Each structure stands twice: as structure tokens, then as C-alpha cells.
**Q** 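Please read through the structure below; I'll follow up with questions.
Sequence lines set the chain letters: A, B, ... in the order given, protein chains first and strands last, and positions in each chain run from 1. Worth knowing before you read on, the calculation uses all heavy atoms, side chains too, and leaves out hydrogens, waters and symmetry mates.
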Number of protein chains: 2
Amino acid sequence: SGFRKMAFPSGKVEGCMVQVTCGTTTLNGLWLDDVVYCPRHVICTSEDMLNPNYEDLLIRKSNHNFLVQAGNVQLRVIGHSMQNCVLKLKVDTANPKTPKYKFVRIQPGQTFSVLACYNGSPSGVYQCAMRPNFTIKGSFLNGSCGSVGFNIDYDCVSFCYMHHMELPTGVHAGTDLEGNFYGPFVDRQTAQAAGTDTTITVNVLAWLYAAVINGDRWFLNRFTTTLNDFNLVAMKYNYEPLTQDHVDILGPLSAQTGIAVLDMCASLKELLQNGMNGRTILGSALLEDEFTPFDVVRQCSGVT
Amino acid sequence: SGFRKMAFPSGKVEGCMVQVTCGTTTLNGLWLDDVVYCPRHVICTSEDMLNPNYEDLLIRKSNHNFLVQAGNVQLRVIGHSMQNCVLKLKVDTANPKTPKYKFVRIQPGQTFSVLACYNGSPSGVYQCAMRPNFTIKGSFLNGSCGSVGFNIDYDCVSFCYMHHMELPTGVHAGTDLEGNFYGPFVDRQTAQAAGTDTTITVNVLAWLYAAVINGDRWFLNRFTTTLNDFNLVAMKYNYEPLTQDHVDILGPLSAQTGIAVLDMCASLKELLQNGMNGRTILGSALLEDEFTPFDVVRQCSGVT
Ligand SMILES: O=C(Cc1cccc(Cl)c1)Nn1cnc2ccccc21
Ligand SMILES: O=C(Cc1cccc(Cl)c1)Nn1cnc2ccccc21
């Protein structure tokens, strides 16, 4: 028993982290096979970030201008190309530590592990959720650009995120591994705001199931509700509308606990309307939305 | 900016995880050099755990009874010995993936990363604190025994914890890497209770400094206090007494923010007496005590 914000073991990703330098800018790159992926803003200076013309900026750059360092050895760059907001540097050596990998674009509300890096070196790993407004509430500093987000399925690493920027609000924005930003963000030092962020309802429900599984049952009540009545309350509290697909995905947790999804919705409804009354659930005084139903099942069943 | 419960990158520890089987029991082992460390309760059956005589039980065991598997290859056991509550299995092959390592006994209130494992395979990594009552509030299931806790200093892994058992209260107990339990716990299926757990005051203060550093300043007030007045409040709220050493250790954070330690204590005093009034700090509705002043400095400075 016990329930933690658990990240995937990061070893397979650490073996791919490299340092990429261009001019005076240093950030992190992801070395998979003979290709190094990093944010294209590596070619900019502090002046260029105001309104960069990346095609024009990249044109003033040659393979020899990009310095890729893996640990303490230099990689030879034989090709360079821009794909959306990422630079793909072709190196003459394939990464001997390349794990089985896929590039995937996650959906808002899905979770992933982040290996925060500085100078191609990993410093920490944490679990994140892609917010409905496509931002991530991560922990990043200057130099963290190129740090990646991922999921692991037995031996396969699914890369889903590359860190690019911190918005003035403190939240983080980035791209998938093809360089397409999650959300409306652009890689430019201009004031950009994320939309209204909502709470991932299906994830809060999954976490309420984890709480029941772990002995915390105080919030369970003698009431029930309908999808329509529940969603009226969800809209008032800026919670994502619950669909029948969300109910379907909660099926394994509903079967494990013997608590119907709509009965759990009625508990959530009363938690929303009445608050926690100074009590906690799984050690938290607020409703946690950063565990998907898959994460709860995985953590509570022991999927290695 | 941003602040997360960040764990160390776990790669160096994954390369040491092995499966150890004895009779019908399977748990995790830690393979460093030519030695495999695992809980000694691997030699017990469900009947033996009631009141085991480990010396007598180990006597009925030979090197060939302990099956050590690293990935998919079998390790040859040439020696076996019990050191307190751990078995040390001497294998004929030194782990090629052995990182630079130390065995350390952490102090209550200190933090560490846990790589939860099942069948010698890692499934997740999370950050924990050794509670003042020597328990850890981890996330463990049956099969997790032998999972280790550690800290990393550049290239050196300091192993501090090995998981042994879950108490009936749901909290977790284990040993250092010499087999000495943290706390009064014994490796026996008998009702054992942990002491009263207090809040790690110095860690809550360090987290209040992280909150100031990250823009969350609502809780800062026009008041101050003394060590004596503050500790009167700390005792009423089951908070560890704050000593001048704790104030000294908070020095870097005090210097970074320009907020004197006793001024931060006065903010904590009012948070304790008045609650959060429905507000949050760093995304939490309660006072977080699982970040030491070192963790806050590391996370907020980017130590890789
Ligand atoms: O935000 C940037 C630089 C940048 C400016 C404008 C656009 C772009 Cl794409 C990049 N880097 N960055 C990422 N996370 C950080 C956290 C703290 C400070 C800087 C951090
Ligand atoms: O508690 C035990 C078995 C055991 C019984 C008595 C004493 C000893 Cl040393 C070990 N294993 N264990 C550890 N974490 C767990 C979590 C959920 C279930 C079982 C888990």
C-alpha cells in the first residue's frame, strides 16, 4: 500500500542525454541512433529571441557550428535540419545506449516522466501531467531546454515531450519530438498566455479509487448521481466534462473496488461542494488530478 | 521556476537490481561488485515469518539454494552470510554496472530516492523522507522487498535504505545496507507500531523558502518571533523542535531570499495557528516537510 507521484525509472533516457552548443548557447539534446534532437532556439542569442527568423538564422550555421558532447566525448556532426521547432543533428556515430523508442504526441490529461537536465547531465526525475491548456507545471531552470518527457512500456521508451520555454506565469511549454508545440505557444520571447486550465476529472476519480484501495474511505457517501448532474457541478468548478469514455476507462478501478463510477462521482460532487473540512486524502489536502486511471492500476498492481 | 518532489536519476541503481529467490520466495537484491544484498526474510516461508529463528533457518540453506538472476542471466553463488537483517551473497562475477557507491545510514528528516522493484525489475522512482519515527511513507506492494533508497553526489551513489516490510498501519520499514533497521522494527510478522510521527520543521521552513523563491509570497507577514516562542507553537502542533543548527542550515536560503530565519518562523507560526484559509503554497494545501534545505538549494540552483 501507499501512493506516490511515481516517475518511470530514467536510466534508458539518461543514456540518450547530450549537451548541444551553438555559438554561446548551451542546452540539452536527445541522441537516438545517429540523430540528436534539441530545441531550435539553440541557434539564437538573447537579441534573436525577441522575434527570430529561424530559417535565416539556421542558414548562417554549418554542421561544424553545432557542438554535440556525450559525457566527455565529442560527436561529429555530418548533417543538420530543422523540423518544426526542433533541430535534428545527424551525427556519424549511432548511440550505443539507444533504447527501443517511439515518438508520440500525448493527449492533454495524460501523464509522463521528466528527466530534467543541465549541460547534457541529468539532475532529477519527476512525474508530470500535460494540462488541458497544454502547459506542464514542471520544475525547470535556465539550461533545462532539451530536457525530455517520456513513458516506458516494458523496454520501449515513448518520447512525448521536449522542454522549450517557461512562460511569464511560471508554467512550462514545449513540443513533441517532431517539434510541434503542445498548445498555441511559439518559440519566441513574447508574452504568451495559456488558456484557462481545468482539472482532469477522470484523473481525480482514478485517484479517489487509489484512495479507496489504500484504506482512505472517509469521503465515500450514501449518494449517487448521473453524468448530466455531475457535469453541471464539474463546469461550476472548472473540471473537465466527464464522458462515457472516461467512465469506461475507470472500469478496472470500479471493478476492483466494487464502487460504481457514478457513485464515485457523487463522492467527488460532495467533495467539490463541501471541501475537505480540514481532512486529507492520500496525504493531500486537495483533489489530485495528475494520476491517470492507467497510473493508478500500474502503481497498485506492480507493473515493471 | 516550479517546484516538484524530484527524485535522483535512477539509472545507476537500475544497473544493480537483481532477482533473488530462495525456496518459493522471490524478492529484489542489490548487486554491487561481487556481492548481492537482499533482506534475510527471503529464507522464510509464510509460516516462518510468525517468529523466525534466522540463524537456524539460514543453516538449512546452501549457496546453491539462493538463485540470483540479473536480467536474464544466472549468477553463481559462492558464499553466503547474514549481517544483521541482510543476506550477503557472494557471486563469482563482479557487476560490470557497479557505480561508485557508499553505504550510509541517513538521519531522520533526511530525504532519498526510492527505486521500487518487482522480480529484480524497476517499475518506478519517487522521493521519500525518513520520518522522525524511522518509517517511510512509500508506495510498495508484495514483491517490493529489497527495493533500495539512495542519494547521488555527482557520480557516487550513497545507498541508505533497503525495504523490508509494511506495518499494519500501511507505513514502511526497512534497514540501512548493513541490515540494521531504521527504528525499533524487527523483521517478524508481529504487530509493531511506529512512534508518534512529527513534522520535520526545518524541511517545512526550507519549502517556505522555495515558495518565496518561486513567487508564492502570500503567507509572508509583518511579524517575527524567537526560537523559544516558535518552539512552544511547534510542540503544540507536533513539529520537531527547531535548533540553532537548523537555523544555520537554513542560512543559504535566508541569504538568497533576504528573509531572516526567525521571520520565516513567524510566517510558519501564523500558518500553523490560522491554517491556509483555503489557499495553496507551491500547489499544496498543506505544509510540505519532505524537502530538506539541501534539496531546495539543489532544485533551485540546478545541481546535476
Ligand atoms: O524560456 C527559456 C528561454 C526562451 C525564451 C523564449 C522562448 C523560448 Cl523557446 C525560450 N528557457 N527556459 C525554459 N525553462 C526555463 C526556466 C527558467 C528560465 C529559463 C527557462
Ligand atoms: O511486509 C512484507 C512481508 C513481511 C512480513 C513480516 C516481516 C517482514 Cl520483514 C516482511 N513485505 N512487504 C513489504 N512491503 C509490502 C507492501 C505490501 C505487502 C507486502 C509488503
**Q** If I measure from the heavy atoms of chain A, does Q127(B) come under 4.5 Å with its side chain, its backbone, both, or neither?
**A**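 Contact with chain A involves the backbone of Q127(B) alone.
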**Q** Taking atom CZ of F294(A) as the centre, report whether more than 12 heavy atoms of other residues, nucleotides or ligands fall under 6.0 Å from it.
**A**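 At most 12 heavy atoms, drawn from other residues, nucleotides or ligands, come within 6.0 Å of this atom.
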**Q** Check this for me: does any side-chain nitrogen of one of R298(A) and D153(A) sit under 4.0 Å from a carboxylate oxygen of the other?
**A**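 A salt bridge is absent here (no side-chain N lies under 4.0 Å from a carboxylate O).
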**Q** Heavy-atom pairs under 4.5 Å with chain B are the metric here; pick the option from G124(A), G215(A), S113(A), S284(A) that has the most.
**A**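 If we count pairs closer than 4.5 Å to chain B, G124(A) comes out on top.
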**Q** Shorter than 4.5 Å, heavy atoms on both sides: which option in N142(A), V114(A), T304(A), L141(A) has the most such pairs with chain B?
**A**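 When all of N142(A), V114(A), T304(A), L141(A) are compared, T304(A) has the most.
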**Q** Are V18(A) and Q69(A) side-chain neighbours, meaning at least one heavy-atom pair lies under 4.5 Å?
**A**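 Contact flag for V18(A)/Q69(A) side chains = no.
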**Q** Backbone N or O of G143(A) within a donor-acceptor pair of the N28(A) side chain at under 3.5 Å?
**A**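 Yes, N28(A) side chain to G143(A) backbone: donor-acceptor pair under 3.5 Å.
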**Q** State whether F291(A) and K5(A) meet the cation-pi test: NZ (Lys) or CZ (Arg) under 6.0 Å from the six-membered ring centroid, and within 45° of the perpendicular axis.
**A**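 Yes - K5(A) lies over the ring of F291(A), closer than 6.0 Å to its centre and within 45° of its axis.
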**Q** Name the region of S121(B), side chain, backbone, both or neither, that has any atom closer than 4.5 Å to a heavy atom of chain A.
**A**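 Its backbone and side chain both get close to chain A.
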**Q** Evaluate the salt bridge (charged side-chain N to carboxylate O under 4.0 Å, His left out) criterion for residues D216(A) and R279(A): first the C-alpha distance (whole Å), next the side-chain angles of each, then the deciding distance (0.1 Å), finally the verdict.
**A** CA-CA 11 Å; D216(A) 240 349; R279(A) 289 184 292 273; over 6 Å; no
**Q** Is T280(B) in contact with chain A via its backbone, its side chain, both, or neither, using a 4.5 Å heavy-atom distance?
**A**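 The answer is the side chain of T280(B).
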**Q** For the interface with chain B, which of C300(A), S123(A), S301(A), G2(A) has the highest count of heavy-atom pairs at distances below 4.5 Å?
**A**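 Result: the option with the highest number of such pairs is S123(A).
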**Q** Does any heavy atom of chain A fall under 4.5 Å from the side chain of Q299(B), the backbone, both, or neither of them?
**A**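 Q299(B) touches chain A through backbone and side-chain heavy atoms alike.
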